[PDB]
Amino acid sequence: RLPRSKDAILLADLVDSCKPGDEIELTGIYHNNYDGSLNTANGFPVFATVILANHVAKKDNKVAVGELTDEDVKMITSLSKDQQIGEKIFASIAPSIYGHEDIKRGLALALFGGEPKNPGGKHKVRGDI
Amino acid sequence: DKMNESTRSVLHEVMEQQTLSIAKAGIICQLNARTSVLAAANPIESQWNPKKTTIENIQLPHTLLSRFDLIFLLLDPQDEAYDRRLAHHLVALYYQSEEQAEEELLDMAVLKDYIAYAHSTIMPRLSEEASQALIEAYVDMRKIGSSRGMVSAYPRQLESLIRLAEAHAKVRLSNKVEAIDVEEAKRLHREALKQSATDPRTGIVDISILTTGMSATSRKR
């Protein structure tokens with residue numbers, strides 16, 4: 001079936017909260033107003049509608065560094081003190097898969113990733129794995 | 001013969017399921033199509049090739065050719081008697097006049113009315129001798145497979161014979177299909193297979209309809 005759609009208005013700081021292709025989660029006021037173009041298109045007193053936005057989240061970016069709390073940072077930095085943190089992270093990738101420890105290790109290294117750099121300001125090399 | 005692959009697939013769907021499904025532009029529906037397909041297929045080249053069987057000449061899939069109840073060959077013999085009779089018939093067509101036209105239109109009118117009436121009121125149903133004759137026909141044409149260990153028939157042939165017998169009973173307005181109809185169905189069906197499924201090296205063989213490349217062709221490998 002064809003999908004339905006709605007227009008939404010972002011104001012002030014909510015602009016640039018999303019881009020095309022973003023699976024957003026939008027809170028807003030469902031607002032309606034008279035529209036003569038829709039009236040002549042439908043032949044009835046049909047009112048256009050738009051969502052006056054009040055919050056935009058994303059359903060893939062469920063966590064972000066701009067939302068991390070001091071307690072989250074504290075427990076993260078406490079976990080890093082453990083000498084088993086590498087093994088814990090490797091065991092934590094796809095825990096419902098038995099074995100494949102080398103695969104989990106490689107995927108952890110790719111998931112965290114290296115550091116991009118540009119020595120001399122003239123020669124780029126990627127950081128991603 | 002020269003319908004494109006999408007048309008071949010949708011026609012296969014229509015002939016097998018008697019429906020046409022469409023999911024085009026938000027519309028999602030399954031239209032009914034209980035249509036009787038009557039077809040005219042040319043050889044791929046300009047002439048018929050007696051070195052090859054129907055499926056290899058016309059280049060249609062067996063998935064479509066096995067859905068047909070009857071397949072007929074319309075090529076003319078090379079006999080001078082046939083040519084002379086055809087020429088006399090065509091001369092008679094040239095000399096067709098008002099009396100022949102009125103006779104033909106009378107035949108056409110009564111034929112249309114007869115077919116419509118038979119559709120409207122006749123509903124054939126199986127007699128015991130019809131059931132025995134159909135089972136006997138299928139078992140007999142399967143008994144040919146004792147030679148060479150081959151398959152010589154398949155149950156959709158039996159269903160085709162049921163359709164043809166019911167049609168013949170409807171022609172004579174019997175309302176009960178019996179052995180006269182079943183023997184005519186067997187005769188016409190066997191003649192259709194003789195025309196269509198004849199490998200040039202060995203004659204009629206049923207596997208030509210089931211798959212392309214009969215045994216005389218496939219035994220190259």
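The numbers here are math on the coordinates, done by the rules we state, and not lab data. So basically every Cβ, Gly included, is an ideal-geometry build from the backbone, and we count neighbours across all protein chains shown.
Can you find a residue that is outside any helix (DSSP H, G or I) and either over 18 Å from B:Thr212 (Cβ atoms) or without any contact (Cβ under 8 Å) to a residue 12 or more places away in the chain (or both) anywhere in region B:50-68?
Scanning region B:50-68, I find no residue that is outside any helix (DSSP H, G or I) and either over 18 Å from B:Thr212 (Cβ atoms) or without any contact (Cβ under 8 Å) to a residue 12 or more places away in the chain (or both), so the answer is no.
Quick check: is even one residue across region B:172-179 acidic (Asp, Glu) and in contact with a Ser or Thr (Cβ under 8 Å, 6 or more places away or on another chain)?
Within region B:172-179 (the criterion being acidic (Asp, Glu) and in contact with a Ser or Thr (Cβ under 8 Å, 6 or more places away or on another chain)), the answer is yes, since at least one residue qualifies.
Can you work out which of the residues in region B:166-200 that are free of Cβ contacts under 8 Å to residues at least 60 places away in the same chain and touching a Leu at 6+ places or on another chain (Cβ under 7 Å) is surrounded by the fewest Cβ atoms within 10 Å (Cβ to Cβ)?
The extreme case among them is B:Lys186.
Read through the list (1) touching a helix residue (DSSP H, G or I) at 6+ places or on another chain (Cβ under 7 Å); (2) over 18 Å from B:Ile209 (Cα atoms); (3) of a type in the set (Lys, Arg), then give the number of the only condition that B:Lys24 fails.
Here B:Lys24 meets the rest and fails (1).
Of A:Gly43, A:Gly99, A:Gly21, which residue is surrounded by fewer than 10 Cβ atoms within 10 Å (Cβ to Cβ) and under 15 Å from the mean Cα position of the chain (by Cα)?
Residue meeting the stated conditions: A:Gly21.
Inspect all residues belonging to region B:139-146 and state whether any of them is surrounded by fewer than 19 Cβ atoms within 10 Å (Cβ to Cβ), not aliphatic (A, V, I, L, M) and not in a helix (DSSP H, G or I).
no
Tell me the residue from A:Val15, A:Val46 that is more than 14 Å from chain B (Cβ to nearest Cβ) and more than 30 Å from B:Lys24 (Cα to Cα), please.
A:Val15
Restricted to region B:147-165, and to residues that are within 22 Å of the chain's Cα centre (by Cα) and in a loop (DSSP other than H, G, I, E, B), which residue is surrounded by the fewest Cβ atoms within 10 Å (Cβ to Cβ)?
In this case the residue turns out to be B:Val151.
Restricting to region A:27-53, name every residue that is within 28 Å of B:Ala25 (Cβ to Cβ) and touching a residue at least 12 places away in the same chain (Cβ under 8 Å).
Hits for region A:27-53 are A:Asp35, A:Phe47, A:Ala48, A:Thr49, A:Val50, A:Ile51.
Would you be able to tell me the number of residues in region B:1-36 that are within 14 Å of chain A (Cβ to nearest Cβ) and in a strand (DSSP E or B)?
Residues meeting the conditions: 2.
Looking at the structure I just gave you, is B:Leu90 more than 14 Å from every other protein chain (Cβ to nearest Cβ), of a type outside the set (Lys, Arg) and closer than 30 Å to B:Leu158 by Cβ?
Values: more than 14 Å from every other protein chain (Cβ to nearest Cβ): yes; of a type outside the set (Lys, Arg): yes; closer than 30 Å to B:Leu158 by Cβ: no.
Judged against the criteria, B:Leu90 is not a match.
Can we say B:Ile44 is loosely packed, with under 10 Cβ neighbours inside 10 Å, in a loop (DSSP other than H, G, I, E, B) and among the β-branched types (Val, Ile, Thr)?
no
Restricted to region A:1-12, and to residues that are farther than 24 Å from B:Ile28 by Cβ and loosely packed, with under 11 Cβ neighbours inside 10 Å, which residue is farthest from the other protein chains (Cβ to nearest Cβ)?
Ranking the qualifying residues of region A:1-12, first place goes to A:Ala12.
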